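All remarks here apply to the structure that follows.
Number of protein chains: 2
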Amino acid sequence: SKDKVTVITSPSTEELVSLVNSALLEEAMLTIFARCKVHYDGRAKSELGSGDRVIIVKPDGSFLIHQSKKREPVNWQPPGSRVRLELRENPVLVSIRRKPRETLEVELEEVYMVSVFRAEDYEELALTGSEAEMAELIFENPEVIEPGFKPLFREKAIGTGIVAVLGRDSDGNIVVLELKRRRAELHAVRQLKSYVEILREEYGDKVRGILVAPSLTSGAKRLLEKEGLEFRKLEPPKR
Amino acid sequence: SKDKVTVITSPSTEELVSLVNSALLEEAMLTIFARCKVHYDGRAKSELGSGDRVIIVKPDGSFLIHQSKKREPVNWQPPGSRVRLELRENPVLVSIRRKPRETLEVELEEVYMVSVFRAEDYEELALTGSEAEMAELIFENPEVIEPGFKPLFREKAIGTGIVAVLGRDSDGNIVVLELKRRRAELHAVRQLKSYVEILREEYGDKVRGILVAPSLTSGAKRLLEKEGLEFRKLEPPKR
DNA sequence: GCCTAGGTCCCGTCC
DNA sequence: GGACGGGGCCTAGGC
Ligand SMILES: [Mg+2]
Ligand SMILES: [Mg+2]
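Read top to bottom, the protein sequences are chains A and B.
Quick note, the UniProt record's numbering runs 1 ahead of the 1-based positions in the first sequence.
Quick note, the UniProt record's numbering runs 1 ahead of the 1-based positions in the second sequence.
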C-alpha cells in the first residue's frame with residue numbers, strides 16, 4: 002500500500018476516485034495535471050475556461066490551481082477549506098469555505114495524471130532580514146539611529162494605529178520610528194505621518210517621526226520633507 | 002514533443018537530468034516530489050532543513066516550493082529566473098534572478114517523483130467584484146454616491162499619490178473618493194486623508210473626501226470621523 | 001471572531 | 001526603468 006508516492010497517468014474514473022478519496026482521507030498531498038474549467042464564488046467571483054493546469058490539495062485544505070505562468074495560483078482556496086470529489090458529466094473537485102462562504106469548483110475534463118504524495122516535513126523556515134530583526138538591532142544598538150536615542154516600546158499601540166518603535170532622543174522628545182525592510186514608499190510616510198499627528202496631540206510639537214529604511218522613493222522623500230520628518234538610512238541585518 | 006505527461010518515480014540521476022532538461026527546453030511544467038534542503042539568499046536570507054516538498058518550476062521562470070501546509074510556497078522565485086540543475090554530491094536545482102540579485106538553491110536529497118507536464122492553456126481568468134468594477138459603477142451611475150455628483154477622473158495622479166476617483170459635487174466642492182472592495186481599514190483612511198490634504202493646498206477649504214466601501218473597521222470609522230471625512234456604503238458589483 | 005500591519009509580498013499600470 | 005496602489009491578497013500577532 003504505502004510508499005511516499007502513488008501515480009497514475011491517464012486514469013480511469015474508478016482510479017481517479019480511488020486515489021483522490023484516498024488522499025483526502027490519508028491527509029496527504031493530492032497533485033493532479035488536467036484539462037479543466039474553474040468556477041469560483043466567494044468574496045469575488047471568477048470564471049476560467051478550458052485549459053491544462055496543475056492542481057494541488059494540501060492536507061490542511063489549501064487548494065491551488067496553477068497555470069503555466071506567474072507565481073500566484075489562478076484560483077485557490079486558503080487553509081481550512083473542505084474538499085469533496087463529485088461525479089457528474091465530468092468529475093468535479095469542489096472546495097467549500099465557511100466564514101466567509103466561498104466555493105471553488107474545478108471541473109475535470111481530462112485528467113492526465115493523479116498522484117498522492119505522502120509527505121513528511123518536520124522542519125520549518127528560518128528567515129533573517131525581517132523588519133522585526135531591524136527592531137531587534139535598534140533596541141540592542143540605538144546609535145544606528147542617532148546618538149542618545151532611547152528605544153522604549155515596540156509595536157506600541159497609540160490611540161489609533163500601532164507604531165513600530167517608540168522612544169526618546171537626547172532632547173527628551175517623543176520619537177516615532179516606522180521601519181521598512183526595503184525601499185520605503187508613500188504609504189510608509191503616510192503611516193509615520195499618521196502616528197506623529199496623533200502623538201502631537203498628547204505630547205505637542207516636540208515629536209519627531211523618523212523613517213528608517215534602506216532607501217526612499219522620490220515621492221516618499223518629497224512627502225517626508227514636506228511634513229518635516231526625518232530619514233535614517235538603515236539596512237535590515239542578516240544573521 | 003511527446004505525450005502530454007512524463008513521470009518517473011525514484012529516478013536515477015540520468016533520468017532526473019533528462020526530464021528536467023526536457024522540461025526547460027520544451028516550455029513545460031516541471032514537478033518534483035522530493036526530500037530536500039532549501040537555501041535562499043537575496044532580498045532576504047532563509048534556510049529550510051531536510052524535508053518532503055512539492056517543487057514546481059514554471060516555464061516563465063517561476064519557482065515554487067510547497068510544504069504540506071498553508072497557501073504559500075515556503076520558498077520561491079518570481080518570473081524571470083534562470084533555473085538549472087547542478088550536480089554536487091546531490092543534485093541541486095538553482096534558480097537565479099538579477100535585479101535584484103537573488104539565489105534559490107534546492108538540494109534534492111531523495112527524489113521520489115519527477116514529472117514533465119506539457120501544459121496547453123490559452124484561457125485567461127475572468128473576475129468580477131473588483132475595485133475597478135466599483136469605479137465603473139460610479140461612472141455609469143454617479144448617483145450611487147450622491148445626487149448631482151459629477152465624476153471626472155479615474156486613477157488620477159495628484160501631486161503626491163494617485164486618487165481613485167476624483168470629481169465634484171452639486172454644491173461645487175471638489176470630491177475625492179477612496180474605494181475599497183472589502184471592509185475598509187486604517188490604511189484606506191490614511192490614503193483618503195492624505196489626498197484630501199494635498200488637494201486642499203490648491204483648492205483650499207472646499208474639498209471632501211469620501212470613503213466608499215461595504216464597511217469600515219473600528220479604527221477606520223474612528224479616524225474617519227475624527228478628521229471629518231465621509232463614508233458611503235457600497236458593495237462591489239458582480240457581473 | 002476583529003483589528004492592524006508586514007511580506008523575499010506579487011502584479012498591473014502608467015510615467 | 002521607478003513608482004504607486006490593488007489583491008478573492010496571505011499570514012502572524014493582539015485582543
Ligand atoms: Mg509599522
Ligand atoms: Mg486607492
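All residues carry an ideal CB built from backbone N, CA and C; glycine is no exception.
query	result
Heavy atom of ligand 2 within 6 Å of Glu15 (chain B) beta-carbon	no
Heavy atom of ligand 1 within 6 Å of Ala165 (chain A) beta-carbon	yes
Exposed unless 16 or more other CB atoms sit within 10 angstroms - verdict on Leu88 (chain A)	exposed
First through last residue of the alpha helix (DSSP H) which encompasses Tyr204 (chain A)	187 to 204
Counted within 10 angstroms of its Cβ, other Cβ atoms place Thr32 (chain A) as buried (16 or more) or exposed	buried
Nonlocal neighbours in the same chain, by C-beta distance under 6 Å from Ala214 (chain A), ignoring five residues either side	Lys181, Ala185
Same chain, Cβ closer than 6 Å to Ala24 (chain B), neighbours up to 5 away in sequence not counted	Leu31, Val117
Pairwise C-alpha distance: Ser195 (chain B) and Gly130 (chain A)	30 Å
Test: residue 1 (chain B) CB closer than 7 Å to a CB of chain A	Residue coverage of chain B in this structure runs from 2 to 240, which leaves residue 1 (chain B) outside it and unanswerable.
Spatially closest choice to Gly210 (chain A) from A:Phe150, A:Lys38, A:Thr218, A:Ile66, by CA coordinates	A:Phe150
Proximity below 7 Å, CB of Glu106 (chain A) to CB of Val95 (chain A)	yes
In DSSP terms, what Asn76 (chain A) is bridged to	A:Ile66
Interface residues of chain B facing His40 (chain A) [CB-CB closer than 7 Å]	Within chain B, no residue comes near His40 (chain A); the closest Cβ sits about 11 Å away, beyond 7 Å.
Any non-hydrogen atom of ligand 2 closer than 6 Å to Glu179 (chain B) Cβ	yes
Within chain B, the residues that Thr161 (chain A) reaches when beta carbons sit closer than 8 Å	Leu187, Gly220, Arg223, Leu224, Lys227
N- and C-terminal bounds of the alpha helix (DSSP H) containing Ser219 (chain B)	219 to 227
Beta-carbon spacing of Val6 (chain B), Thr10 (chain A) below 7 Å	yes
Neighbourhood of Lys227 (chain B) by C-beta, 6 Å cutoff - its chain only, sequence neighbours within 5 removed	none
Alpha carbon of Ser216 (chain A) to alpha carbon of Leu128 (chain B), nearest angstrom	36 Å
Nearest to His67 (chain A) (by Cα), restricted to the options A:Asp61, A:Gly52, A:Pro80	A:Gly52
Min CB distance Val75 (chain B) to chain A below 7 Å	yes
Given 8 Å, three or more beta-carbon pairs between the segment 73 to 85 of chain A and the segment 34 to 53 of chain A	yes
Cα-Cα separation between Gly162 (chain A) and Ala133 (chain B), rounded to whole angstroms	28 Å
Between the CA atoms of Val21 (chain B) and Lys71 (chain A) - distance to the nearest angstrom	19 Å
Proximity test, Cβ basis, 7 Å: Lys181 (chain A) and chain B	no
C-alpha distance - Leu224 (chain A) paired with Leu187 (chain A), whole-angstrom precision	8 Å
Partner residues on chain B for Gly50 (chain A), Cβ-Cβ distance less than 7 Å	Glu124
Pick from A:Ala189, A:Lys59, A:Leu235 that is closest to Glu121 (chain A), judged by C-alpha positions	A:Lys59
Chain-ordered chain A contacts of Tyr113 (chain B) [CB-CB under 9 Å]	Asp4, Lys5, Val6, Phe118, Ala120
Unbroken stretches of the beta strand (DSSP E), 3 residues or longer, contained in the segment 76 to 121 of chain B	76 to 78, 83 to 88, 92 to 98, 103 to 118
Burial state of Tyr113 (chain A) (16 or more Cβ within 10 Å)	buried
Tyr204 (chain B), buried or exposed, once every other Cβ within 10 Å from all chains shown has been counted against 16	exposed
Contacts that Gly210 (chain B) makes with chain A (C-beta to C-beta distance below 7 Å)	Under the 7 Å cutoff, chain A gives no residues; its nearest Cβ is about 14 Å from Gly210 (chain B).
CA-to-CA distance, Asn91 (chain A) to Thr14 (chain A), given in whole angstroms	9 Å
Limits of the unbroken alpha helix (DSSP H) element including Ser19 (chain B)	14 to 27
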